[PDB]
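Scroll down for the structure; my scribbles are underneath it.
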Amino acid sequence: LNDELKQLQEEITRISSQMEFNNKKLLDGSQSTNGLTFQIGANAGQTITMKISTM
Amino acid sequence: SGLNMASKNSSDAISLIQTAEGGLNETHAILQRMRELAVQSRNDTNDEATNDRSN
């Protein structure tokens, strides 16, 4: 059962640090420092910031 | 004679002004395109690493 558990722990880490969108690691802590900013408006400042924690 | 020549000169000036306005129409157009490009570049989907914004 510990063999099984260790393999599942390697998988939970693998999903974290092998997930990407357009060559952008998401679930590692890259965005937990500053965050991803989406421009959802025509003018300047019409943005939303987002953050994702290390998982 | 002076009035007829002045009419001719006024028409020449109109031609000049039309040239300048036609020049500035394309300035308007490419400025619109540049604004569109900036609004697209502004989003965080784009990566500096894989040369998304440099294009």
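A note on labels: chains of the structure tokens are A, B, ... as shown, every chain counts residues from 1, and ligands are counted from 1 in their shown order.
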Pull out every residue of chain B sitting within 10 Å of chain A, counting only C-alpha atoms, and send them as a ChimeraX atom specification. /B:35-36,39-47,49-50,52
Within 6 Å of residue A:31 using only C-alpha atoms, minus same-chain residues under 2 positions, as an MDAnalysis selection string: chainID A and resid 29 33:35 51:52
Can you pull out every residue within 12 Å of residue A:17, counting only C-alpha atoms, but drop anything in the same chain fewer than 2 positions away, and send it as a PyMOL selection string? chain A and resi 10-15+19-20+23-30+54-55
Name the residues of stretch 4-48 of chain A that come out as strand (DSSP E) in a backbone DSSP run; write them as a list in words. residues 36, 37, 38, 39, 47 and 48 of chain A
Give the helix (DSSP H, G or I) residues of chain A, as DSSP finds them on the backbone, and put them as a ChimeraX atom specification. /A:2-16
Write the residues of the preceding selection, restricted to N, CA, C and O atoms, as a JSON list (two decimals), in the first residue's frame.
[["chain", "number", "residue", "atom", "x", "y", "z"],
["A", 2, "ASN", "N", 2.06, 1.17, 0.60],
["A", 2, "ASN", "CA", 3.00, 2.29, 0.54],
["A", 2, "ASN", "C", 3.60, 2.45, -0.85],
["A", 2, "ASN", "O", 3.85, 3.58, -1.28],
["A", 3, "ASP", "N", 3.86, 1.35, -1.56],
["A", 3, "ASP", "CA", 4.22, 1.42, -2.98],
["A", 3, "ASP", "C", 3.17, 2.20, -3.76],
["A", 3, "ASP", "O", 3.48, 3.15, -4.50],
["A", 4, "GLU", "N", 1.91, 1.80, -3.59],
["A", 4, "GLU", "CA", 0.79, 2.49, -4.25],
["A", 4, "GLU", "C", 0.76, 3.97, -3.88],
["A", 4, "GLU", "O", 0.62, 4.85, -4.75],
["A", 5, "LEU", "N", 0.91, 4.26, -2.58],
["A", 5, "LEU", "CA", 0.85, 5.64, -2.10],
["A", 5, "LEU", "C", 1.99, 6.49, -2.67],
["A", 5, "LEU", "O", 1.77, 7.64, -3.05],
["A", 6, "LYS", "N", 3.20, 5.93, -2.71],
["A", 6, "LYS", "CA", 4.33, 6.67, -3.26],
["A", 6, "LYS", "C", 4.13, 6.96, -4.74],
["A", 6, "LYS", "O", 4.46, 8.06, -5.21],
["A", 7, "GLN", "N", 3.60, 6.00, -5.50],
["A", 7, "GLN", "CA", 3.33, 6.27, -6.91],
["A", 7, "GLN", "C", 2.28, 7.36, -7.07],
["A", 7, "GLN", "O", 2.41, 8.24, -7.94],
["A", 8, "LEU", "N", 1.24, 7.35, -6.22],
["A", 8, "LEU", "CA", 0.23, 8.40, -6.32],
["A", 8, "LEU", "C", 0.78, 9.76, -5.90],
["A", 8, "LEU", "O", 0.34, 10.79, -6.42],
["A", 9, "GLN", "N", 1.75, 9.79, -4.98],
["A", 9, "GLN", "CA", 2.39, 11.05, -4.62],
["A", 9, "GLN", "C", 3.28, 11.57, -5.75],
["A", 9, "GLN", "O", 3.35, 12.78, -6.00],
["A", 10, "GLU", "N", 3.97, 10.67, -6.45],
["A", 10, "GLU", "CA", 4.70, 11.12, -7.62],
["A", 10, "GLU", "C", 3.76, 11.66, -8.68],
["A", 10, "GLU", "O", 4.08, 12.64, -9.36],
["A", 11, "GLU", "N", 2.56, 11.08, -8.80],
["A", 11, "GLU", "CA", 1.60, 11.57, -9.79],
["A", 11, "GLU", "C", 1.01, 12.93, -9.38],
["A", 11, "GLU", "O", 0.81, 13.80, -10.24],
["A", 12, "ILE", "N", 0.71, 13.12, -8.09],
["A", 12, "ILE", "CA", 0.18, 14.42, -7.66],
["A", 12, "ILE", "C", 1.22, 15.52, -7.85],
["A", 12, "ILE", "O", 0.87, 16.67, -8.14],
["A", 13, "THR", "N", 2.52, 15.20, -7.69],
["A", 13, "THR", "CA", 3.54, 16.20, -8.00],
["A", 13, "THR", "C", 3.69, 16.41, -9.51],
["A", 13, "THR", "O", 3.91, 17.54, -9.98],
["A", 14, "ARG", "N", 3.57, 15.33, -10.29],
["A", 14, "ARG", "CA", 3.72, 15.41, -11.74],
["A", 14, "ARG", "C", 2.65, 16.30, -12.35],
["A", 14, "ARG", "O", 2.95, 17.13, -13.22],
["A", 15, "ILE", "N", 1.40, 16.14, -11.93],
["A", 15, "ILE", "CA", 0.32, 16.98, -12.46],
["A", 15, "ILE", "C", 0.59, 18.44, -12.14],
["A", 15, "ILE", "O", 0.28, 19.33, -12.94],
["A", 16, "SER", "N", 1.15, 18.71, -10.96],
["A", 16, "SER", "CA", 1.47, 20.08, -10.59],
["A", 16, "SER", "C", 2.48, 20.69, -11.55],
["A", 16, "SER", "O", 2.19, 21.69, -12.21]]
Point-to-point distance in Å for atom CA of residue B:28 and atom CA of residue B:55: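 Between atom CA of residue B:55 and atom CA of residue B:28 the gap works out to 21.8 Å.
The interatomic distance for the pair atom CA of residue B:3 and atom CA of residue B:20 works out to 25.8 Å.
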To one decimal place in Å, what is the distance between atom CA of residue B:15 and atom CA of residue B:1?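 These atoms are spaced 21.4 Å apart.
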